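> Provided herewith is a single structure, encoded as structure tokens, for subsequent inquiry.
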Amino acid sequence: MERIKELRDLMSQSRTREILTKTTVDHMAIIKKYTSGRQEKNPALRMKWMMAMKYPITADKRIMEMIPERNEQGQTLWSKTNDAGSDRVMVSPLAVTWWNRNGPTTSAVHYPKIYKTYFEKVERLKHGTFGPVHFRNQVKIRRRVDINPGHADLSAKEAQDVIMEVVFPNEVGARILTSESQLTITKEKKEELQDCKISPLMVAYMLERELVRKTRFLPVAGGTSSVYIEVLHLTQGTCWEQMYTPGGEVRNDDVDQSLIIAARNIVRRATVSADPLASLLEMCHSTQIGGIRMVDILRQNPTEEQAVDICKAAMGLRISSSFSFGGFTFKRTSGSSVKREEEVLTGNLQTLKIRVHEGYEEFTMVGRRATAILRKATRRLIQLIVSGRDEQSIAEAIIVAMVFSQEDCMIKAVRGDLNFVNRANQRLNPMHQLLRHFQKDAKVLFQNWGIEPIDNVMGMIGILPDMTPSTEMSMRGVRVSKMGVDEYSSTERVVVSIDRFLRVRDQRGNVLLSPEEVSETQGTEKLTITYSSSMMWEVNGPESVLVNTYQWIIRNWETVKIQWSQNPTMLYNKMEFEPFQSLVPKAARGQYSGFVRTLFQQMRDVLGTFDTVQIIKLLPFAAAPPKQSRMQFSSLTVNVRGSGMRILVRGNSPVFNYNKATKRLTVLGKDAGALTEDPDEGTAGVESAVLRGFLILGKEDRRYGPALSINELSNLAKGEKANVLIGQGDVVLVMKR
Amino acid sequence: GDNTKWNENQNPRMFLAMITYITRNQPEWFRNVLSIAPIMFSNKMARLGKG
Amino acid sequence: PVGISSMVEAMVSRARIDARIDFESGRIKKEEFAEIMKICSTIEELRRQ
Amino acid sequence: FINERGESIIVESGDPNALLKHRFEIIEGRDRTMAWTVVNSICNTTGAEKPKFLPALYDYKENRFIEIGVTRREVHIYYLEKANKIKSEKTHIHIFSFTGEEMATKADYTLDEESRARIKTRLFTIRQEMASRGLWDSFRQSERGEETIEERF
RNA sequence: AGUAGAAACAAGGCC
RNA sequence: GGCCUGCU
């Protein structure tokens with residue numbers, strides 16, 4: 001209502017009426033930006049020179065009544081002098097800090113919602129886990145990536161339209177949404193903003209920031225997933241590198257993409273390996289992705305891919321079927337077949353023996369960027385339909401089908417040097433060699449296949465040798481189509497054998513996989529590939545001495561757990577913890593020892609407190625002769641590369657982390673044994689083996705005052721509860737004994 | 001390498017020739033609105049300065 | 001903002017439509033509707049001068 | 001001018017009242033921005049389906065739009081083009097040719113026949129003036145190119 | 001004098 | 001002396 005009253009008052013005057021009437025809606029932008037003050041050419045100089053003056057800030061007129069003229073001392077906070085070309089009055093930064101320390105309060109509970117992207121970023125960073133740092137050359141290739149972690153797959157204009165419809169329903173204009181996905185996201189947003197008190201402009205800006213997708217050109221090497229590119233400055237260097245696992249939406253898509261690329265790489269490397277089976281097994285057991293081990297995902301996620309299936313079978317777990325050909329996945333759906341072990345000649349007159357199959361049979365081709373369905377007979381193709389995306393995809397599918405047909409029209413087309421021996425001097429599969437030869441270009445296979453008539457049924461399009469559709473005469477048996485997906489996703493995982501050279505086979509005797517099918521494409525992982533291999537323990541690295549020590553105490557846990565309780569002095573003075581002690585610095589051995597022994601002793605004293613991780617962690621430090629002391633520690637240093645790696649008493653670390661899900665212990669990126677569940681594990685929230693003379697009753701409470709620190713706790717006395725901030729910025733309650 | 005006196009040699013009439021060759025077989029209005037810029041730059045007067 | 005209608009005319013049209021829709025289903029009642037409509041009428045009269 | 005209930009007084013001239021309650025809300029001749037703003041506002045408040053193209057007027061008692069056109073070509077072709085243009089048409093369509101031929105959808109002419117006669121007289125007088133001038137044939141043969149706009153820089 | 005370098009500052013406008 | 005400016 002007051003809008004029209006203000007409009008009337010404004011138009012009452014002459015100049016205001018003239019500007020109101022003459023100017024049209026289009027000129028509003030020009031009138032808004034109409035200003036005499038030009039932009040700063042050197043903002044830094046002006047800012048440095050302006051803060052020296054009094055009143056270098058401009059604030060709305062409301063300051064006049066919201067903030068006093070002067071603070072307690074008498075320093076002016078605002079001046080009635082007006083700005084150059086506005087009603088804003090001039091104030092000094094004293095005004096800003098006065099507002100911050102005395103200004104009206106408010107409930108900011110909705111602030112995390114409005115800026116949800118930044119708080120989600122902090123959430124990811126807080127829950128992220130680090131690993132060892134590797135010094136090694138980085139091939140910093142430059143490519144385009146996505147910088148928005150949660151882009152909603154919308155163009156800038158489409159995103160603007162969605163924002164305007166969500167926040168400004170009436171101003172949407174002529175635009176009407178079309179895609180059902182847009183409508184779904186619009187409804188999702190509208191439901192959650194049915195009542196929001198913040199200004200519409202802020203909501204619109206937030207939706208624009210968290211919907212529009214952003215792309216920038218960066219020198220990335222490893223990653224490219226929007227979550228990884230966010231922290232690119234922390235996991236990528238000129239010579240150094242680090243493994244980082246963002247603590248966020250471990251989306252199945254990203255995990256499976258990383259798994260697929262890792263499978264491709266491992267298979268490619270195993271192909272050249274002297275003993276591919278053993279090397280593949282050890283490397284699969286000696287690598288992880290995104291902080292999760294390869295075996296866990298492999299046994300968990302079912303994902304169809306030649307390399308992925310190869311890894312699945314290698315472990316001996318349940319293995320898939322539906323044989324593949326030329327990188328495509330074939331599923332028979334009709335008929336029997338028998339090989340014949342026959343002999344023939346080529347067009348280049350080279351003689352060769354092959355195995356041709358019997359019977360009429362239909363097949364369901366599948367692939368990465370194509371799809372097809374085939375019907376054939378003994379040595380003879382019957383029909384072929386294809387569903388590729390691009391024209392070269394259909395060409396690939398067609399040449400693969402022609403090779404699969406084993407027709408003499410293909411045999412009498414082979415021309416040139418096609419030697420069936422590998423780099424390793426291993427005779428190569430004939431089929432893959434033909435299929436690789438016909439992938440440069442299959443011109444001769446096209447002019448030598450044949451021609452037939454067609455009924456012109458369904459209005460189907462004709463075939464193309466070199467992009468020439470022929471709607472009345474065409475290749476024999478071959479058809480043109482474009483389906484959306486193959487017949488159906490197969491339903492059976494089979495058993496198999498493997499030769500030394502990784503030639504997978506089935507129960508009957510047919511061939512199922514081989515190192516020639518591994519597509520070949522060199523993709524980019526989404527999650528960091530923790531390809532632990534050279535990354536090692538030399539002949540005896542910490543991954544050896546240290547990592548191994550923890551492994552020994554894991555394996556002998558059954559008698560250490562009971563020797564730890566009775567006669568423990570004969571466990572500390574043990575011949576297995578001596579290589580470890582050589583790494584602890586000679587000055588802080590006995591201090592650590594007294595600390596840890598007092599920990600374990602008062603952990604034995606009070607009942608209901610037992611954590612196997614603490615005992616497995618702190619024993620190599622109690623080996624040394626005990627020197628007494630009065631202080632306390634948040635970590636324990638061990639010298640690994642003239643560098644002090646700190647092992648945290650309370651909680652996990654990049655050097656020592658026990659996963660609570662898969663129960664594996666992990667030292668330095670190397671597995672060190674599965675850890676077992678003692679039934680006497682006190683699940684009471686109490687931790688008696690973190691502080692020297694103090695327990696940990698639980699989480700913080702605001703009654704006992706602010707958070708004291710580790711090095712200021714001797715002030716307390718008997719029975720004096722208190723709060724302490726320890727660990728990775730975590731406050732807890734403690735109690736003296 | 002590096003070109004010397006780059007600005008003092010790009011005659012606007014060459015820009016007009018390029019704009020006319022780019023806009024072959026285009027609506028006359030578009031051709032005119034594109035060609036108007038070099039035509040105005042060919043007759044520019046450079047105001048001297050503060051003095 | 002796009003459009004070629006003078007600023008006063010756009011403001012008055014928006015006010016009239018807003019009042020209309022509010023009165024049709026909303027808070028605005030007959031008295032306020034009459035007051036706002038007559039204010040808009042006099043604003044238009046002032047414009048036309 | 002509608003009233004408390006669904007009826008109108010349809011005065012002749014200069015008969016206002018405190019209960020204005022206008023029966024029609026003109027949409028044509030408001031500018032594209034304002035026209036679309038009002039269309040979206042009324043569609044939101046009522047919850048109807050927004051017409052793809054800009055209508056001419058609106059019906060408040062019945063809550064539907066109305067499209068009105070003037071044609072020099074054959075009336076039936078123009079009417080069917082209007083009908084097929086308005087997808088899933090929930091809006092009444094009305095056509096007024098100069099010669100007097102009239103049409104609509106379902107023949108639901110929700111208007112006083114006196115208004116129809118007045119508009120017919122206005123169109124007939126305009127036709128008389130055009131014929132006296134002699135531009136009527138040019139208007140008849142020039143409607144084809146009116147919809148398209150060519151830049152004339 | 002001094003800064004500074006192809007032209008300037010070493011205070012300027014108005015009542 | 002007073003007002004006004006410290007990229008106009």
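Naming works like this for the structure tokens: A, B, ... for the chains as they're shown, residue 1 at the start of each chain, ligands 1 onward in shown order.
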Residues within 12 Å of residue D:80, please, as JSON, numbers by chain. Count only C-alpha atoms (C1' of nucleotides); anything in the same chain fewer than 3 positions from it doesn't count.
{"D": [74, 75, 76, 77, 83, 84, 85, 86, 87, 89, 93, 94, 95, 103, 104, 105]}
> Would you export the selected residues with N, CA and C atoms as a CSV table (one decimal), in the first residue's frame, please?

chain,number,residue,atom,x,y,z
D,74,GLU,N,-9.7,-15.5,-45.7
D,74,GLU,CA,-10.9,-16.3,-45.3
D,74,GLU,C,-11.0,-16.6,-43.8
D,75,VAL,N,-12.2,-16.5,-43.3
D,75,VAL,CA,-12.3,-16.5,-41.8
D,75,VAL,C,-12.0,-17.9,-41.3
D,76,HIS,N,-12.4,-19.0,-42.0
D,76,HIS,CA,-12.3,-20.3,-41.4
D,76,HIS,C,-10.8,-20.7,-41.3
D,77,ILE,N,-10.0,-20.4,-42.3
D,77,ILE,CA,-8.6,-20.7,-42.2
D,77,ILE,C,-7.9,-20.0,-41.0
D,83,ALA,N,-7.1,-21.8,-33.5
D,83,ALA,CA,-7.4,-23.0,-32.7
D,83,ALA,C,-6.2,-23.9,-32.5
D,84,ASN,N,-5.5,-24.2,-33.6
D,84,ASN,CA,-4.4,-25.2,-33.5
D,84,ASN,C,-3.2,-24.5,-32.9
D,85,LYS,N,-3.1,-23.2,-33.0
D,85,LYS,CA,-2.0,-22.5,-32.3
D,85,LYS,C,-2.1,-22.6,-30.8
D,86,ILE,N,-3.4,-22.4,-30.3
D,86,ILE,CA,-3.7,-22.5,-28.9
D,86,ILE,C,-3.7,-24.0,-28.5
D,87,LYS,N,-2.6,-24.5,-28.1
D,87,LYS,CA,-2.6,-25.9,-27.7
D,87,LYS,C,-3.4,-26.2,-26.5
D,89,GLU,N,-6.4,-25.9,-26.0
D,89,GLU,CA,-7.1,-24.6,-25.7
D,89,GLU,C,-8.2,-24.8,-24.7
D,93,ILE,N,-12.2,-18.5,-28.3
D,93,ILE,CA,-11.7,-17.8,-29.4
D,93,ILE,C,-12.8,-17.2,-30.2
D,94,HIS,N,-12.6,-16.0,-30.6
D,94,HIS,CA,-13.6,-15.2,-31.3
D,94,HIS,C,-13.0,-14.5,-32.5
D,95,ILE,N,-13.7,-14.5,-33.6
D,95,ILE,CA,-13.1,-13.9,-34.9
D,95,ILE,C,-14.2,-12.9,-35.4
D,103,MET,N,-17.3,-16.2,-36.0
D,103,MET,CA,-17.1,-17.6,-35.6
D,103,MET,C,-16.5,-17.6,-34.2
D,104,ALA,N,-16.5,-18.8,-33.6
D,104,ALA,CA,-15.9,-19.0,-32.3
D,104,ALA,C,-15.8,-20.5,-32.0
D,105,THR,N,-15.3,-20.9,-30.9
D,105,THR,CA,-15.3,-22.3,-30.4
D,105,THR,C,-16.5,-22.7,-29.6
> Could you pull the residues within 9 Å of residue C:3, counting only C-alpha atoms (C1' of nucleotides), minus those fewer than 3 positions along the same chain, as an MDAnalysis selection string?
(chainID A and resid 24:26) or (chainID C and resid 6) or (chainID D and resid 31:34)
> Excluding residue A:3 and any residue of its chain fewer than 6 positions from it, enumerate the residues within 12 Å of it, using only C-alpha atoms (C1' of nucleotides), and give them as a PyMOL selection string.
(chain A and resi 9-10) or (chain C and resi 11-12+14-16+18-19+36+39-40)
> Using only N, CA, C and O atoms, please write the residues we just selected to a file, as a PDB file, in the first residue's frame.

ATOM      1  N   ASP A   9       3.994  10.857  -3.623  1.00  0.00           N
ATOM      2  CA  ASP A   9       4.833  11.899  -3.042  1.00  0.00           C
ATOM      3  C   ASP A   9       6.004  12.225  -3.958  1.00  0.00           C
ATOM      4  O   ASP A   9       6.395  13.391  -4.091  1.00  0.00           O
ATOM      5  N   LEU A  10       6.579  11.206  -4.598  1.00  0.00           N
ATOM      6  CA  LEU A  10       7.733  11.422  -5.462  1.00  0.00           C
ATOM      7  C   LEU A  10       7.344  12.190  -6.719  1.00  0.00           C
ATOM      8  O   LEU A  10       8.039  13.130  -7.120  1.00  0.00           O
TER       9      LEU A  10
ATOM     10  N   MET C  11       4.435   1.184 -13.096  1.00  0.00           N
ATOM     11  CA  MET C  11       4.180   1.121 -11.661  1.00  0.00           C
ATOM     12  C   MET C  11       2.684   1.095 -11.375  1.00  0.00           C
ATOM     13  O   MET C  11       2.209   0.300 -10.556  1.00  0.00           O
ATOM     14  N   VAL C  12       1.923   1.956 -12.050  1.00  0.00           N
ATOM     15  CA  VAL C  12       0.486   2.027 -11.811  1.00  0.00           C
ATOM     16  C   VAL C  12      -0.199   0.737 -12.242  1.00  0.00           C
ATOM     17  O   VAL C  12      -1.087   0.233 -11.548  1.00  0.00           O
ATOM     18  N   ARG C  14       1.120  -2.272 -12.401  1.00  0.00           N
ATOM     19  CA  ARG C  14       1.458  -3.307 -11.433  1.00  0.00           C
ATOM     20  C   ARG C  14       0.647  -3.137 -10.156  1.00  0.00           C
ATOM     21  O   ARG C  14       0.139  -4.117  -9.602  1.00  0.00           O
ATOM     22  N   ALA C  15       0.513  -1.901  -9.674  1.00  0.00           N
ATOM     23  CA  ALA C  15      -0.257  -1.668  -8.459  1.00  0.00           C
ATOM     24  C   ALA C  15      -1.704  -2.098  -8.649  1.00  0.00           C
ATOM     25  O   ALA C  15      -2.287  -2.763  -7.782  1.00  0.00           O
ATOM     26  N   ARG C  16      -2.304  -1.727  -9.781  1.00  0.00           N
ATOM     27  CA  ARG C  16      -3.699  -2.073 -10.020  1.00  0.00           C
ATOM     28  C   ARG C  16      -3.888  -3.581 -10.077  1.00  0.00           C
ATOM     29  O   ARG C  16      -4.812  -4.124  -9.464  1.00  0.00           O
ATOM     30  N   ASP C  18      -1.951  -5.917  -8.798  1.00  0.00           N
ATOM     31  CA  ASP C  18      -1.690  -6.490  -7.484  1.00  0.00           C
ATOM     32  C   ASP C  18      -2.901  -6.332  -6.578  1.00  0.00           C
ATOM     33  O   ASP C  18      -3.326  -7.287  -5.914  1.00  0.00           O
ATOM     34  N   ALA C  19      -3.475  -5.129  -6.540  1.00  0.00           N
ATOM     35  CA  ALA C  19      -4.664  -4.914  -5.727  1.00  0.00           C
ATOM     36  C   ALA C  19      -5.811  -5.795  -6.202  1.00  0.00           C
ATOM     37  O   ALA C  19      -6.547  -6.363  -5.388  1.00  0.00           O
ATOM     38  N   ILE C  36      -6.794   2.465  -2.969  1.00  0.00           N
ATOM     39  CA  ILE C  36      -5.651   2.314  -3.860  1.00  0.00           C
ATOM     40  C   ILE C  36      -6.050   2.640  -5.291  1.00  0.00           C
ATOM     41  O   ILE C  36      -5.279   3.255  -6.037  1.00  0.00           O
ATOM     42  N   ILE C  39      -6.254   6.397  -5.599  1.00  0.00           N
ATOM     43  CA  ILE C  39      -4.903   6.955  -5.597  1.00  0.00           C
ATOM     44  C   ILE C  39      -4.245   6.751  -6.956  1.00  0.00           C
ATOM     45  O   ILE C  39      -3.582   7.651  -7.485  1.00  0.00           O
ATOM     46  N   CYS C  40      -4.413   5.562  -7.542  1.00  0.00           N
ATOM     47  CA  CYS C  40      -3.864   5.316  -8.871  1.00  0.00           C
ATOM     48  C   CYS C  40      -4.520   6.215  -9.911  1.00  0.00           C
ATOM     49  O   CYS C  40      -3.857   6.692 -10.838  1.00  0.00           O
TER      50      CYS C  40
END
> Can you check which parts of chain D lie within 7 Å of chain B? Per residue, the shortest pair of atoms and distance in Å to one decimal, counting only C-alpha atoms, sorted by chain and number, as a Markdown table.

| residue | atom | partner | partner_atom | distance |
| --- | --- | --- | --- | --- |
| D:151 | CA | B:29 | CA | 6.7 |
| D:152 | CA | B:29 | CA | 6.2 |
| D:153 | CA | B:29 | CA | 4.9 |
> Please provide the set of residues having any atom within 12 Å of residue E:12, restricted to only C-alpha atoms (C1' of nucleotides), with same-chain residues fewer than 2 positions apart removed, written as JSON, numbers by chain.
{"E": [14], "F": [4, 5, 6]}
> Give me, as an MDAnalysis selection string, all polymer residues having an atom no more than 12 Å from residue A:696, counting only C-alpha atoms (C1' of nucleotides) and skipping those fewer than 2 positions away in the same chain.
chainID A and resid 603 609 650 684:694 698:700 721:726 731:737
> Could you take the residues named above and write them with C-alpha atoms, as a short mmCIF file (atom, residue, chain, number, x, y, z; two decimals), in the first residue's frame?

data_model
loop_
_atom_site.label_atom_id
_atom_site.label_comp_id
_atom_site.auth_asym_id
_atom_site.auth_seq_id
_atom_site.Cartn_x
_atom_site.Cartn_y
_atom_site.Cartn_z
CA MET A 603 43.68 -48.89 31.73
CA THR A 609 37.85 -49.79 29.41
CA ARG A 650 43.70 -40.23 20.43
CA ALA A 684 30.90 -46.98 27.16
CA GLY A 685 32.41 -43.87 25.56
CA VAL A 686 35.15 -43.81 28.21
CA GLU A 687 38.83 -43.63 27.24
CA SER A 688 41.29 -44.24 30.07
CA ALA A 689 44.44 -44.43 27.91
CA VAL A 690 44.73 -40.96 26.35
CA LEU A 691 45.75 -38.68 29.23
CA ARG A 692 48.20 -39.50 32.00
CA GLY A 693 46.22 -39.01 35.21
CA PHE A 694 42.82 -38.25 33.69
CA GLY A 698 32.49 -38.31 27.12
CA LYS A 699 31.70 -35.17 25.13
CA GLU A 700 31.77 -31.54 26.18
CA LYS A 721 36.02 -32.46 36.21
CA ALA A 722 36.89 -30.12 33.37
CA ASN A 723 36.78 -29.55 29.62
CA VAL A 724 39.78 -30.05 27.32
CA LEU A 725 40.25 -29.43 23.60
CA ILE A 726 42.39 -32.17 22.09
CA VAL A 731 36.41 -30.82 22.99
CA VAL A 732 35.82 -33.49 25.63
CA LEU A 733 35.16 -33.78 29.35
CA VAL A 734 37.80 -35.24 31.68
CA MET A 735 38.10 -36.25 35.32
CA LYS A 736 41.10 -36.63 37.59
CA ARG A 737 41.74 -39.73 39.67
#
> How many Å lie between atom CA of residue C:44 and atom CA of residue A:8, rounded to one decimal?
9.9 Å
> Identify, on the basis of only C-alpha atoms (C1' of nucleotides), every residue whose closest approach to stretch 15-24 of chain B does not exceed 8 Å; exclude the query and any residue fewer than 3 positions from it along the same chain; express the result as JSON, numbers by chain.
{"B": [10, 11, 12, 31, 34, 35, 38, 39]}
> What's the separation between atom CA of residue D:41 and atom CA of residue A:170, in Å to one decimal place?
5.2 Å
> Each residue of chain A lying at most 12 Å from chain F should get a row with its shortest atom-to-atom pair and the distance in Å to one decimal, counting only C-alpha atoms (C1' of nucleotides); could you produce that, ordered by chain and increasing number, as CSV?

residue,atom,partner,partner_atom,distance
A:36,CA,F:8,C1',8.9
A:37,CA,F:8,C1',8.4
A:38,CA,F:7,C1',8.9
A:39,CA,F:7,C1',9.5
A:40,CA,F:7,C1',7.7
A:41,CA,F:7,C1',8.3
A:42,CA,F:7,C1',9.0
A:43,CA,F:7,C1',10.4
A:45,CA,F:7,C1',10.2
A:46,CA,F:7,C1',8.4
A:49,CA,F:6,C1',9.8
A:50,CA,F:6,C1',10.1
A:53,CA,F:6,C1',10.6
A:84,CA,F:5,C1',11.8
> Restricted to N, CA and C atoms, what would the selected residues look like written as a CSV table (one decimal), in the first residue's frame?

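Result went into again_24.csv, see below:
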chain,number,residue,atom,x,y,z
A,36,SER,N,28.6,9.9,-11.6
A,36,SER,CA,29.8,10.7,-12.0
A,36,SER,C,31.1,10.1,-11.5
A,37,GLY,N,31.1,9.5,-10.4
A,37,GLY,CA,32.3,8.9,-9.9
A,37,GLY,C,32.8,7.7,-10.7
A,38,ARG,N,34.0,7.8,-11.3
A,38,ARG,CA,34.5,6.8,-12.2
A,38,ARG,C,35.1,5.7,-11.4
A,39,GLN,N,35.4,4.6,-12.0
A,39,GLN,CA,35.9,3.4,-11.4
A,39,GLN,C,37.4,3.7,-11.0
A,40,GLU,N,37.9,3.0,-10.0
A,40,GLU,CA,39.2,3.1,-9.5
A,40,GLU,C,40.2,2.4,-10.5
A,41,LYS,N,41.2,3.1,-11.0
A,41,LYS,CA,42.2,2.5,-11.8
A,41,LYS,C,43.2,1.7,-11.0
A,42,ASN,N,43.5,2.1,-9.8
A,42,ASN,CA,44.4,1.5,-8.8
A,42,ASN,C,43.7,1.3,-7.5
A,43,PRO,N,42.8,0.3,-7.4
A,43,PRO,CA,42.1,0.2,-6.1
A,43,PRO,C,42.9,0.1,-4.9
A,45,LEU,N,45.9,1.4,-4.2
A,45,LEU,CA,46.5,2.7,-3.7
A,45,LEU,C,45.4,3.5,-3.1
A,46,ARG,N,44.2,3.5,-3.7
A,46,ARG,CA,43.1,4.3,-3.1
A,46,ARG,C,42.7,3.8,-1.7
A,49,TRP,N,45.3,4.7,0.9
A,49,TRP,CA,45.3,6.1,1.1
A,49,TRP,C,44.0,6.6,1.8
A,50,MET,N,43.0,5.8,1.7
A,50,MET,CA,41.7,6.2,2.3
A,50,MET,C,41.5,5.8,3.7
A,53,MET,N,42.2,8.5,6.4
A,53,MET,CA,41.3,9.6,6.7
A,53,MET,C,40.3,9.1,7.7
A,84,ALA,N,28.9,11.9,-1.8
A,84,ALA,CA,28.9,12.8,-3.0
A,84,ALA,C,27.6,12.8,-3.6
> Among the residues of chain B, find those DSSP assigns to helix (DSSP H, G or I) from the backbone and print them as a PyMOL selection string.
chain B and resi 7-9+12-22+28-41
> Could you take the residues named above and write them with C-alpha atoms, as a PDB file, in the first residue's frame?

ATOM      1  CA  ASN B   7      48.643  -0.178 -34.644  1.00  0.00           C
ATOM      2  CA  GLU B   8      50.202   2.405 -36.973  1.00  0.00           C
ATOM      3  CA  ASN B   9      49.790   0.093 -39.981  1.00  0.00           C
ATOM      4  CA  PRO B  12      40.820   0.501 -41.418  1.00  0.00           C
ATOM      5  CA  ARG B  13      40.139   0.135 -45.143  1.00  0.00           C
ATOM      6  CA  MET B  14      41.645  -3.345 -44.930  1.00  0.00           C
ATOM      7  CA  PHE B  15      39.229  -4.057 -42.094  1.00  0.00           C
ATOM      8  CA  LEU B  16      36.417  -2.922 -44.386  1.00  0.00           C
ATOM      9  CA  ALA B  17      37.678  -5.273 -47.102  1.00  0.00           C
ATOM     10  CA  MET B  18      37.747  -8.135 -44.592  1.00  0.00           C
ATOM     11  CA  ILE B  19      34.265  -7.277 -43.308  1.00  0.00           C
ATOM     12  CA  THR B  20      32.924  -7.243 -46.864  1.00  0.00           C
ATOM     13  CA  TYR B  21      34.537 -10.588 -47.674  1.00  0.00           C
ATOM     14  CA  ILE B  22      33.259 -12.153 -44.443  1.00  0.00           C
ATOM     15  CA  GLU B  28      22.079  -6.314 -46.711  1.00  0.00           C
ATOM     16  CA  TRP B  29      21.123  -4.827 -43.341  1.00  0.00           C
ATOM     17  CA  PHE B  30      23.639  -7.010 -41.504  1.00  0.00           C
ATOM     18  CA  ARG B  31      26.347  -6.174 -44.023  1.00  0.00           C
ATOM     19  CA  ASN B  32      25.726  -2.443 -43.577  1.00  0.00           C
ATOM     20  CA  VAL B  33      25.604  -2.509 -39.783  1.00  0.00           C
ATOM     21  CA  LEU B  34      28.875  -4.447 -39.732  1.00  0.00           C
ATOM     22  CA  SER B  35      30.585  -2.238 -42.328  1.00  0.00           C
ATOM     23  CA  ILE B  36      29.683   1.033 -40.592  1.00  0.00           C
ATOM     24  CA  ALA B  37      32.490   0.633 -38.040  1.00  0.00           C
ATOM     25  CA  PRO B  38      35.531   0.740 -40.377  1.00  0.00           C
ATOM     26  CA  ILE B  39      33.820   3.505 -42.362  1.00  0.00           C
ATOM     27  CA  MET B  40      33.663   5.642 -39.220  1.00  0.00           C
ATOM     28  CA  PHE B  41      37.186   4.709 -38.129  1.00  0.00           C
TER      29      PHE B  41
END
> Provide the atom CA of residue A:280 to atom CA of residue A:252 distance in Å, to one decimal place.
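One can read the atom CA of residue A:280 to atom CA of residue A:252 distance as 24.1 Å.
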> Taking only chain D into account, list the residues labelled strand (DSSP E) by DSSP (computed from the backbone), as a ChimeraX atom specification.
/D:57-59,64-71,92-97,102-104
> Let me see the file: selected residues, N, CA and C atoms, as a compact mmCIF listing (two decimals), in the first residue's frame.

# COMPACT_ATOMS: atom_id res chain seq x y z
N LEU D 57 -8.00 -10.79 -23.94
CA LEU D 57 -8.69 -10.40 -22.72
C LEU D 57 -8.76 -11.59 -21.78
N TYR D 58 -9.46 -11.41 -20.66
CA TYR D 58 -9.62 -12.47 -19.68
C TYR D 58 -11.03 -12.41 -19.11
N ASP D 59 -11.54 -13.57 -18.72
CA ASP D 59 -12.85 -13.71 -18.10
C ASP D 59 -12.66 -14.06 -16.63
N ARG D 64 -11.24 -17.82 -17.69
CA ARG D 64 -10.60 -18.26 -18.92
C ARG D 64 -10.26 -17.04 -19.76
N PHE D 65 -9.32 -17.22 -20.68
CA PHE D 65 -8.91 -16.16 -21.58
C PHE D 65 -9.81 -16.13 -22.81
N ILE D 66 -9.69 -15.05 -23.58
CA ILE D 66 -10.42 -14.88 -24.83
C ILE D 66 -9.47 -14.28 -25.85
N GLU D 67 -9.50 -14.82 -27.07
CA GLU D 67 -8.67 -14.34 -28.17
C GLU D 67 -9.56 -13.77 -29.26
N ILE D 68 -9.25 -12.56 -29.70
CA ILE D 68 -10.03 -11.86 -30.72
C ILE D 68 -9.09 -11.42 -31.83
N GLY D 69 -9.51 -11.63 -33.08
CA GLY D 69 -8.69 -11.26 -34.22
C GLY D 69 -9.52 -10.59 -35.29
N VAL D 70 -8.82 -9.89 -36.18
CA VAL D 70 -9.41 -9.25 -37.35
C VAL D 70 -8.69 -9.79 -38.58
N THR D 71 -9.46 -10.27 -39.55
CA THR D 71 -8.92 -10.99 -40.69
C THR D 71 -9.44 -10.41 -41.99
N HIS D 92 -11.56 -19.33 -24.85
CA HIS D 92 -12.49 -19.04 -25.93
C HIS D 92 -11.79 -18.26 -27.04
N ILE D 93 -12.20 -18.52 -28.27
CA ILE D 93 -11.66 -17.84 -29.45
C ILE D 93 -12.81 -17.19 -30.19
N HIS D 94 -12.59 -15.95 -30.62
CA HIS D 94 -13.62 -15.19 -31.32
C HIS D 94 -12.96 -14.48 -32.49
N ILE D 95 -13.65 -14.47 -33.63
CA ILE D 95 -13.12 -13.88 -34.85
C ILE D 95 -14.16 -12.93 -35.42
N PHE D 96 -13.70 -11.74 -35.82
CA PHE D 96 -14.57 -10.71 -36.38
C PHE D 96 -13.98 -10.26 -37.71
N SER D 97 -14.61 -10.68 -38.80
CA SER D 97 -14.22 -10.21 -40.12
C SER D 97 -15.00 -8.95 -40.49
N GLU D 102 -18.77 -14.17 -38.52
CA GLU D 102 -18.34 -14.38 -37.15
C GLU D 102 -18.22 -15.87 -36.88
N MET D 103 -17.32 -16.22 -35.97
CA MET D 103 -17.11 -17.61 -35.57
C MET D 103 -16.50 -17.63 -34.18
N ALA D 104 -16.45 -18.83 -33.61
CA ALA D 104 -15.88 -19.04 -32.28
C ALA D 104 -15.82 -20.54 -32.04
> Once you count only C-alpha atoms, what closest atom pair and distance in Å to one decimal does each residue of chain C within 7 Å of chain A have, with rows by chain and rising residue number, as a Markdown table?

| residue | atom | partner | partner_atom | distance |
| --- | --- | --- | --- | --- |
| C:1 | CA | A:26 | CA | 6.3 |
| C:2 | CA | A:26 | CA | 5.0 |
| C:3 | CA | A:25 | CA | 5.3 |
| C:4 | CA | A:24 | CA | 5.4 |
| C:5 | CA | A:24 | CA | 5.5 |
| C:6 | CA | A:24 | CA | 4.1 |
| C:7 | CA | A:24 | CA | 5.4 |
| C:8 | CA | A:20 | CA | 5.9 |
| C:43 | CA | A:8 | CA | 6.3 |
